[PDB]
Amino acid sequence: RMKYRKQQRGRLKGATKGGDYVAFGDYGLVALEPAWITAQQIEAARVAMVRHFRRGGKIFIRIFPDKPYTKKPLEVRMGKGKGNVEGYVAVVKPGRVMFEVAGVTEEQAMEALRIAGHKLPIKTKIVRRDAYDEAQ
Amino acid sequence: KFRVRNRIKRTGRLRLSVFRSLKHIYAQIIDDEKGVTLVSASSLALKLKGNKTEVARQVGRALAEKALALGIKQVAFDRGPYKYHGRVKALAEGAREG
Amino acid sequence: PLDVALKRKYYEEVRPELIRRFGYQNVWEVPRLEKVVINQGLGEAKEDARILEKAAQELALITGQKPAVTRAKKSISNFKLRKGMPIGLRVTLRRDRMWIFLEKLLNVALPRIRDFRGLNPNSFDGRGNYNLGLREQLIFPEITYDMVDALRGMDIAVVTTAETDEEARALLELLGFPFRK
Amino acid sequence: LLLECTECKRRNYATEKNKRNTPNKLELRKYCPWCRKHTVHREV
Amino acid sequence: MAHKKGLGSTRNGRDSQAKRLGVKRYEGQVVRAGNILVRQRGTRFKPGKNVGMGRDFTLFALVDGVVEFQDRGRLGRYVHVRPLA
RNA sequence: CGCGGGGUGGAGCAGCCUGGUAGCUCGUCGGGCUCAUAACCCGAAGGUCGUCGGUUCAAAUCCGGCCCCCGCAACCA
RNA sequence: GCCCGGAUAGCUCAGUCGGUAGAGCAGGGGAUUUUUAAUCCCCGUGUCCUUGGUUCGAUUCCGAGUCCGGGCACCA
RNA sequence: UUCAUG
RNA sequence: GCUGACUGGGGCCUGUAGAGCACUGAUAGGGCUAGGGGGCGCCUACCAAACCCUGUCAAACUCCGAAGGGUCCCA
RNA sequence: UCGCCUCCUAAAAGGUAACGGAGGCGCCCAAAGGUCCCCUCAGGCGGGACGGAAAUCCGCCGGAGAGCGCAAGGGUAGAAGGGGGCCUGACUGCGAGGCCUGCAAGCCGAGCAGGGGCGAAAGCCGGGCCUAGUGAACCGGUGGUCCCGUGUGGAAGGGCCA
RNA sequence: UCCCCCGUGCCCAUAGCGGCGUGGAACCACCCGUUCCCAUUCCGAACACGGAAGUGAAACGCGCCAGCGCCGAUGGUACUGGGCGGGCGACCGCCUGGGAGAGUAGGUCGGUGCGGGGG
Ligand SMILES: [Mg+2]
Ligand SMILES: [Mg+2]
Ligand SMILES: [Mg+2]
Ligand SMILES: [Mg+2]
Ligand SMILES: [Mg+2]
Ligand SMILES: [Mg+2]
Ligand SMILES: [Mg+2]
Ligand SMILES: [Mg+2]
Ligand SMILES: [Mg+2]
Ligand SMILES: [Mg+2]
Ligand SMILES: [Mg+2]
Ligand SMILES: [Mg+2]
Ligand SMILES: [Mg+2]
Ligand SMILES: [Mg+2]
Ligand SMILES: [Mg+2]
Ligand SMILES: [Mg+2]
Ligand SMILES: [Mg+2]
Ligand SMILES: [Mg+2]
Ligand SMILES: [Mg+2]
Ligand SMILES: [Mg+2]
Ligand SMILES: [Mg+2]
Ligand SMILES: [Mg+2]
Ligand SMILES: [Mg+2]
Ligand SMILES: [Mg+2]
Ligand SMILES: [Mg+2]
Ligand SMILES: [Mg+2]
Ligand SMILES: [Mg+2]
Ligand SMILES: [Mg+2]
Ligand SMILES: [Mg+2]
Ligand SMILES: [Mg+2]
Ligand SMILES: [Mg+2]
Ligand SMILES: [Mg+2]
Ligand SMILES: [Mg+2]
Ligand SMILES: [Mg+2]
Ligand SMILES: [Mg+2]
Ligand SMILES: [Mg+2]
Ligand SMILES: [Mg+2]
Ligand SMILES: [Mg+2]
Ligand SMILES: [Mg+2]
Ligand SMILES: [Mg+2]
Ligand SMILES: [Mg+2]
Ligand SMILES: [Mg+2]
Ligand SMILES: [Mg+2]
Ligand SMILES: [Mg+2]
Ligand SMILES: [Mg+2]
Ligand SMILES: [Mg+2]
Ligand SMILES: [Mg+2]
Ligand SMILES: [Mg+2]
Ligand SMILES: [Mg+2]
Ligand SMILES: [Mg+2]
Ligand SMILES: [Mg+2]
Ligand SMILES: [Mg+2]
Ligand SMILES: [Mg+2]
């Protein structure tokens, strides 16, 4: 929503801050390969889950599309493309926990996060609970 | 604060740093690049009772005689809270021509 | 002079009264008085020769000290003045001049504001620092109707050497400030 | 406009740049000339 | 057919020629009077002993000597030529 | 698909000058005229100045850029 | 860049070739007023661009300067 | 001498 | 006429990879709570600034910031 | 779009491209220059008569988040910010030394002299906090000039300096 | 020769902020006055001069405190010169040297020169 952006491709290299743990909720989709998760795939997986376990619990989208994916309108090369074909893209490296469902039981969570991984372009693991923690 | 620092706008050597207290006035020739105080002079712990303009003149006389006691002729005035005034160092024996 | 009547009342009653009140441990621990500032907002710098520095002389003849025109820091376009300059009058009164001004204020000026049920003792709040406004500027014992053109309500702020508000409360209420309870 | 200070009925244009609406009009600046040191140097 | 069905007005091909900034005589270089040391835009390197600051903060040695630096932390990163003999 | 041009009162338009000073006709509302409607006359009033973000003390004014509308091109094969 | 002409009211302008300041329109008031114009009578918004100067007194004359409208001319 | 209609 | 590419020892420079929010911005959940919405008189869900814990992202952000690279000296 | 400046792409020296991303300049300023002396910001908390929620005032917490004419960085209060006084160094001759570069340009420049400014003095001042704000040459103009003056004296016209 | 105080620097927060007590023989400051120099777009508030009647109350100095701050290892990952592979790809793996950032343990309210004045 701010500072100037038709920003570059970057490169989806090594993942360490790209992937720490699951913080919110109990269960979590977690990526196993670096890929560009669009806003459309975020909304698609999230409305797969919330409609799967209907009126259910909390589904924290810990990623956020913050990168203008740019697409030229089928022509040659004069400058950057018009920007944001479907919109923005969360640059996701592996080990990153993308979605977390909260409180809803394992039978809905494992058959919801699997649907989210089926609409996402990344081969995923699904983590249960009891990750990295810090408190005494 | 009195952040004035007409300290560090002195890079020429032999820095005569003054101190105008409520009671005395102190003065000391410091050397730069090797910070060692060479000569110094208090006012009331040297001489005359607290008539401070005349005794601040007399502490300068005594300090310049202390400076020519080891042969130093070109110096540079200091003490950023100066307001160069009735705290006088109108002197002979120091060829700063101050 | 040096024997202001309010200053004498301070130095002879109030400081031992505050000592025997709070159980002080120092003569300088008592709240002294060090500042009475008078501010005049006065956003009036339009055309048709709007000078309006007669009020500076008016404030000077009230207090006994020629106030300074203070240029506005920030320029805002809501009230149309801009670019620093035009007007705000400030005067700052310290010792015996502050005391003769408070002799003119507390005994002669406030007793009169047009109703004057009192002052506002919610106004200190944390520092020493009692601030109080004035709607009509001509309550003072110098200036009546035939020396002005318009109403020039100032606001004063008296600052104490008091850490809290209770200490400055107990100071100024015996110096002669009334209050509202 | 680009205006040059002359030594007073003499040589030595001194070649400043004035801002004519904001003040000008007998621009007077003491200046060191090529010959006879220091003068008044009104512009143009 | 190659229906060239577009154009595009670029707007951002513009760059100033770079300035060769930075330091030029590092710690231990035997510089001479007027040999410039730091070519900078701010005053990242504050001038110390025997080093003048230029108009655009070009640090430069006022004497014949060997450069040494120091980072005075809060104060700044002084670059001063200590003279030789 | 790319240029350049508009957006201002209910509508059609002036405009607005580096930005601070906004209107015109008709329409409108109230009156006056008239048996009554027209027409005419008198009083005002009405607008987030295309949304949005920008530097600005301050934007309708200037800079972008996005949505509708207009005028252009879209050629050589 | 030179060369002309001009700075007179809210606007456009004439000036006894120094001894008085003025039109015309606009604005207002007043008369008739179906409508608005037109018409009629009366007042102004006036340092006569700015100063210096010549004269007894300056719009007038003299120079300087500023804006102001042009005419030609190059333009490396 | 102006001036349209129920 | 051993200075050279290369290397070793020193000394510096720098702000990339990383990483982190100390700034400029974008940010997800929860608590707190200034201005608009529910009838609105005090009033009502993160419909909503700052704080607050917990989360993150950045070529045009850097409190940090290596590998290295550059330069100078002695080899 | 063509030159210049700022970032970024630029891969921790430099440089480095594309019709790659994102902005600017064609100026300004006789104080926004010099020097001497003072003073600290924005913000938030409170408190104050008209007073906007940010006028002005007071008091705390405020180290730079304010300001520096202008875009952007770099910088910066131990001033480059704000104010006051005095002024003209927005000098004339040069300039060791470098930076940079293909040349041409561009940039910094201590120091010496003349002559001044400011300050008690140390010192600082050859424009502005800095990097943009421009233009080789040629041909002319204008002001000086100890230069040339087509036999000679002088002019024409040249040069040189501005 | 040691603590005490005053200036003055160095390292630049491991020394800062906020607390919590102490200091007044001196020193230092606040103070008492504006005649004296010079003062503040107003105000001897600041600056300055005169004083020494009083006080450590602020300010400052010097101690304890970890609350905030700041510093912060050992490790170990990241990253990577250099090499060699897998991966149609996005990219990853191994060896070789380096080796962070955050974090955690913790460390921490100075250390140190120089000249004076004092028991
Ligand atoms: Mg000093
Ligand atoms: Mg010209
Ligand atoms: Mg210089
Ligand atoms: Mg309108
Ligand atoms: Mg319309
Ligand atoms: Mg009607
Ligand atoms: Mg054809
Ligand atoms: Mg005329
Ligand atoms: Mg006129
Ligand atoms: Mg005529
Ligand atoms: Mg007519
Ligand atoms: Mg007519
Ligand atoms: Mg008339
Ligand atoms: Mg008249
Ligand atoms: Mg005349
Ligand atoms: Mg005359
Ligand atoms: Mg031409
Ligand atoms: Mg008719
Ligand atoms: Mg008809
Ligand atoms: Mg009909
Ligand atoms: Mg019928
Ligand atoms: Mg990175
Ligand atoms: Mg952030
Ligand atoms: Mg930043
Ligand atoms: Mg290194
Ligand atoms: Mg490199
Ligand atoms: Mg060798
Ligand atoms: Mg580089
Ligand atoms: Mg300046
Ligand atoms: Mg208040
Ligand atoms: Mg108020
Ligand atoms: Mg700032
Ligand atoms: Mg500009
Ligand atoms: Mg900077
Ligand atoms: Mg000044
Ligand atoms: Mg060259
Ligand atoms: Mg050059
Ligand atoms: Mg250049
Ligand atoms: Mg500049
Ligand atoms: Mg040619
Ligand atoms: Mg011949
Ligand atoms: Mg001849
Ligand atoms: Mg010359
Ligand atoms: Mg320390
Ligand atoms: Mg505590
Ligand atoms: Mg105690
Ligand atoms: Mg004692
Ligand atoms: Mg002190
Ligand atoms: Mg104390
Ligand atoms: Mg660490
Ligand atoms: Mg570490
Ligand atoms: Mg501590
Ligand atoms: Mg310690």
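Residues numbered from 1 in each chain as written, not as in the entry; some residues may be left out. Chains lettered and ligands numbered in written order. Part of a larger assembly, values for the part shown. Heavy atoms only, no water. Residues with missing side-chain atoms left out of burial classes, pairs and counts.

As summarised from the PDB record, the model derives from cryo-EM at a stated resolution of 3.7 Å.

Undergrad: Looking at this structure, how should I read the protein's contact with RNA strand K?
TA: As a structural note, the neighbourhood of RNA strand K is formed by 57 residues, with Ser 21, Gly 35 and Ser 40 of chain B, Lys 66 of chain C together with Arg 72 of chain E the closest of them. Take the atoms of RNA strand K that sit within 4 Å of the protein: sugar and phosphate atoms are 73% of them. A distance of 3.3 Å separates a phosphate oxygen of RNA strand K from a polar side-chain atom of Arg 11 of chain A. Interatomic distance of 2.3 Å between a side-chain N/O atom of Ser 40 of chain B and a sugar or linking oxygen of RNA strand K. Elements supplying a minimum of two residues to the surface near RNA strand K: β1 (15-20), β2 (25-31), β3 (36-41) and α1 (52-68) of chain B, β2 (68-69), β3 (89-93) and α3 (95-109) of chain C together with β7 (65-71) of chain E. At four residues, the largest contribution of residues to the surface near RNA strand K is made by β1 of chain B. For the surface near RNA strand K, a count of residues per class yields 17 nonpolar, 20 polar and 20 charged. (Near = heavy atom within 4 Å. Polar contact = N/O pair within 3.5 Å; in protein donor to acceptor, adjacent residues only side chain to side chain. Helix = DSSP H or I, 4+ residues; strand = E, 2+ residues; numbered from the N terminus. Nonpolar A, V, L, I, M, F, W, Y, C, P; charged D, E, K, R; others polar.)

Undergrad: I tried to follow the nonpolar core on my own but got confused; where do I start?
TA: What tends to happen in soluble globular proteins is that the nonpolar side chains get buried as a cluster. Core analysis: the largest hydrophobic core is formed by 42 residues, its most contacted members being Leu 33, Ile 38, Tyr 130, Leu 172, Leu 175 and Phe 177 of chain C. Those elements giving two or more residues to this core turn out to be α1 (5-22), β1 (33-40), α2 (54-63), β3, α3, β4 (130-133), β5 (155-160) and α4 (165-175) of chain C. If you tally residues by element for this core, the top one is α3 of chain C, at seven residues. Not counting residues within four places of it along the chain, the set of residues in contact with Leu 175 of chain C comprises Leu 6, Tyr 10, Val 14, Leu 33 and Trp 99 of chain C. Ranked by size, the runner-up nonpolar core spans 24 residues in total, among them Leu 29, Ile 37, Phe 99 and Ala 112 of chain A. (Core = buried A, V, L, I, M, F, W, Y, C linked by side-chain atoms within 4.5 Å. Buried < 20%, exposed > 50% of the residue type's maximum accessible area, 1.4 Å probe, protein only. Contact = heavy atoms within 4.5 Å.)

Undergrad: Help me out: how do you make sense of the side chain of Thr 39 of chain D in this one?
TA: Residues and elements named next belong to chain D. Position of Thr 39 among the secondary structure elements: in the loop between β3 (16-17) and β4 (42-43). Taking the relative accessible area as the measure of exposure, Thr 39 reaches 11% and is therefore buried. Beyond its immediate stretch of four places on either side in the chain, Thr 39 contacts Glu 7, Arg 10, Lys 30, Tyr 31 and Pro 33.

Undergrad: I tried to follow the sheet that holds strand β5 (residues 97-102) of chain A on my own but got confused; where do I start?
TA: Strand pairing in a sheet takes place through backbone hydrogen bonds and is either antiparallel or parallel in direction. Residue and element names in this part refer to chain A. Strands sit in the order β3-β5-β1-β6 across an open sheet of four strands; the sheet is antiparallel. Of all the strands in the sheet, the pair left with one neighbour each is β3 (58-61) and β6 (124-127). Mean inter-strand twist for the sheet, computed between neighbouring axes without regard to direction, equals 15 degrees. Where β3 and β5 come together, four bridges link them in antiparallel fashion. Bridging across to β5, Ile 61 finds its partner in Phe 99. (Pairing = 2+ DSSP bridges. Axes fitted to C-alpha atoms, helices over the stretch in contact; angles between N-to-C directions.)

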